[PDB]
Q: 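Got a structure for you, questions after.
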There are 2 protein chains.
Amino acid sequence: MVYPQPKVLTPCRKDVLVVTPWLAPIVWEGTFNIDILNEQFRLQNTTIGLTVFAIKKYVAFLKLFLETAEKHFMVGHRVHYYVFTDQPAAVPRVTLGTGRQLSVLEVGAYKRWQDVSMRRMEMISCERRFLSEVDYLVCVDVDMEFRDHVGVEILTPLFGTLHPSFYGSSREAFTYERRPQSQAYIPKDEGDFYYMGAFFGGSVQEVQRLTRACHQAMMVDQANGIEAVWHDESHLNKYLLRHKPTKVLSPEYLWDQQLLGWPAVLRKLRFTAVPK
Amino acid sequence: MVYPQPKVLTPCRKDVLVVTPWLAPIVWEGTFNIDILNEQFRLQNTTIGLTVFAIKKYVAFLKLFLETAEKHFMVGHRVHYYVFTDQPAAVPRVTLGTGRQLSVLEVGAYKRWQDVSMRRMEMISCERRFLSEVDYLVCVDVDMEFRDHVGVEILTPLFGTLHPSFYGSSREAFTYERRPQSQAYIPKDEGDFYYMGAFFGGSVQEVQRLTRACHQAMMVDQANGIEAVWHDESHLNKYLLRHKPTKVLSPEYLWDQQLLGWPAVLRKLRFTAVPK
Ligand SMILES: O=c1ccn([C@@H]2O[C@H](COP(=O)(O)OP(=O)(O)O)[C@@H](O)[C@H]2O)c(=O)[nH]1
Ligand SMILES: O=c1ccn([C@@H]2O[C@H](COP(=O)(O)OP(=O)(O)O)[C@@H](O)[C@H]2O)c(=O)[nH]1
Ligand SMILES: OC[C@H]1O[C@@H](O)[C@H](O)[C@@H](O)[C@H]1O
Ligand SMILES: OC[C@H]1O[C@@H](O)[C@H](O)[C@@H](O)[C@H]1O
Ligand SMILES: [Mn+2]
Ligand SMILES: [Mn+2]
């Protein structure tokens, strides 16, 4: 297998940070040779599970989400979609590529948007089925579309994704939970990045750990009369501060061209918000 | 725990490649916050085994090697030195820091320098003792001294170290084995880096795999009447081409100031050749 030689005195990207201070790759276009990664992951017959909640009106987002995932998400690898919905008959029948399957998991609807978004951690953690069926789990919002490659480069024991509104910001600007009353509490002088709750994942074991931890933390907050400021994302950020991810995705992986344009530092816009 | 904020639009190092195309960190000063890594590794009570062969005249190199390892190598972590020698009474008694131990393993001497260097793979692979006693194994030459920090930043499932004579070179210049007759054979259009046999390591499982593979490959070459051009290092390079390391050490970790000076791109010279 023949490819460009990496040269150690020629960096790929000089414009962005491509490794965290705990030596986790930060995933940008030009940092990876996908042909190498694809080979490595195919040699293990990797199966990737993709979880998405479509509760209430959000079933409307599934057709574009799944169609575009078929075009861009882990193409060539085994993929198992898990669609959590209160409306199984509303899941569109989208034609899938070979090695790809979809399961519909019927769940209850909470009235409040905070609990729908928040009880995802609980819903994800359903535990023995993921362990037997997939190697990795990827957990994303449904109001999104894939516009470019999202592949095995993201796979690692634990990853989070840089929030597109805060990647160029200083930590005191991060909208972490700042009340010491909350399990999600992070002091003003702490913090690596501000991760978005819309795209995280890892090995099935590490995702079950994270989601269990976040759920346990939110129940503690509830039994104490406090709701973290950005809810699941607050707790996600506290978890990833204390258990550092082994890869970080750049904002190529979570973007909104309408709000933020297409800056030169983003060579690809891979997974983006749908207008709502 | 309070530290400088990484900023994603300010890279650490813009002068060197800090991640390989398969997303393994390349370990340079300024890429890592050691306080973070130290915490992570201490939380697992990590034990690092360091193997060194001192056969014949090479026992003379042990005092400086061990004294300087006490100053710089994994300080604060548990360390088990394994000294393979034909002369147990010649191992100097060096005073060790707390949590550090040394074992002397008596082995036979081969007459030829090629077989002394080459049979290390066999000698390392002695298998159940490493699995029970250490988490990682680091395998180095003895004619060396530590001059600066060599710590848990290097630890990963599998690592190799960039040969200091070839890091700025193109692959056709690499002195890989070029005869298809040899198990170590690498074609002219293949190859990522040229790794030095003087410094490799990983988890005990991955080092046992590598050393078993290299030994099996060299026995095949022997039963076929060919000796790879740079011996163990040829086979090391073939193994690491096909099983890509999960970290690569920069030449800060294997250098010779007498032959190569102190170039600006090396902010630290950590482990260096002793005149011989
Ligand atoms: O009525 C709702 C509200 C939220 N969600 C799920 O929870 C996710 C996060 O909520 P949302 O996308 O509304 O949050 P935002 O991106 O606006 O902050 C959604 O993508 C859906 O997967 C849902 O299914 N139905
Ligand atoms: O007579 C010898 C020759 C080699 N070695 C071991 O094999 C390693 C590699 O050999 P050497 O350092 O001579 O190779 P070089 O760096 O010169 O290529 C040495 O560091 C020792 O650990 C040894 O113990 N005794
Ligand atoms: O937490 C800061 C917030 O950033 C907003 O831009 C986003 O819409 C919210 O979902 C939340 O992530
Ligand atoms: O393989 C090329 C060679 O490079 C030399 O500089 C070194 O002394 C040898 O041990 C070998 O590594
Ligand atoms: Mn959303
Ligand atoms: Mn040597």
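The basis for the numbers below is simple: all heavy atoms, side chains too, and nothing from hydrogens, waters or symmetry mates. Throughout, protein chains are lettered first and strands after them, A, B, ... in sequence-line order, and every chain is numbered starting at 1. In each ligand, atom 1 is the first atom listed, and ligand 1 is the first ligand listed.
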Q: Does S117(B) offer a backbone N or O that forms a donor-acceptor pair with the side chain of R120(B) under 3.5 Å?
A: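 Checking the backbone N and O of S117(B) against the side chain of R120(B), a donor-acceptor pair under 3.5 Å is found.
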
Q: Closest N/O/S atom of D143(A) to the Mn ion (ligand 5), by atom name?
A: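 It is OD1 of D143(A).
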
Q: Protein N/O near ligand 3 N/O, under 3.5 Å, which pairs?
A:
{"from": "ligand 3", "atom 1": "1 (O)", "to": "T175(A)", "atom 2": "OG1", "distance (Å)": "3.0"}
{"from": "ligand 3", "atom 1": "1 (O)", "to": "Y194(A)", "atom 2": "OH", "distance (Å)": "3.0"}
{"from": "ligand 3", "atom 1": "1 (O)", "to": "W230(A)", "atom 2": "NE1", "distance (Å)": "3.1"}
{"from": "ligand 3", "atom 1": "1 (O)", "to": "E233(A)", "atom 2": "OE2", "distance (Å)": "3.0"}
{"from": "ligand 3", "atom 1": "4 (O)", "to": "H163(A)", "atom 2": "NE2", "distance (Å)": "3.1"}
{"from": "ligand 3", "atom 1": "12 (O)", "to": "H163(A)", "atom 2": "NE2", "distance (Å)": "2.6"}
{"from": "ligand 3", "atom 1": "12 (O)", "to": "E233(A)", "atom 2": "OE1", "distance (Å)": "3.4"}
{"from": "ligand 3", "atom 1": "12 (O)", "to": "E233(A)", "atom 2": "OE2", "distance (Å)": "2.8"}

Q: Fit a plane to each ring of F199(A) and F271(A), take the angle between them on a 0 to 90° scale, and name the class: parallel (under 30°), tilted (30 to 60°) or perpendicular (over 60°).
A: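 Correct class here is perpendicular.
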
Q: Test side chain to side chain donor-acceptor pair (under 3.5 Å) on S182(A) and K238(A) and set out the steps.
A: CA-CA 10 Å; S182(A) 178; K238(A) 173 79 188 303; over 6 Å; no

Q: Among the N/O/S atoms of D141(A), which is closest to the Mn ion (ligand 5)? Give the atom name.
A: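 Of all N, O or S atoms belonging to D141(A), OD2 is the one nearest the Mn ion (ligand 5).
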
Q: Look only at the side chain of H231(A) and the backbone of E233(A), and say whether a donor-acceptor pair between them is shorter than 3.5 Å.
A: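 Not a single qualifying donor-acceptor pair exists.
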
Q: Do the two ring centres, one from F174(A) and one from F193(A), sit under 6.0 Å apart?
A: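 No, the ring centres sit 6.0 Å or more apart.
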
Q: Do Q114(A) and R112(A) have side-chain N/O donor and acceptor atoms under 3.5 Å apart?
A: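 Result is yes, a qualifying pair exists.
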
Q: For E177(B), is there an ion pair with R179(B) - N to carboxylate O distance below 4.0 angstrom?
A: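 Yes, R179(B) and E177(B) are salt-bridged.
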
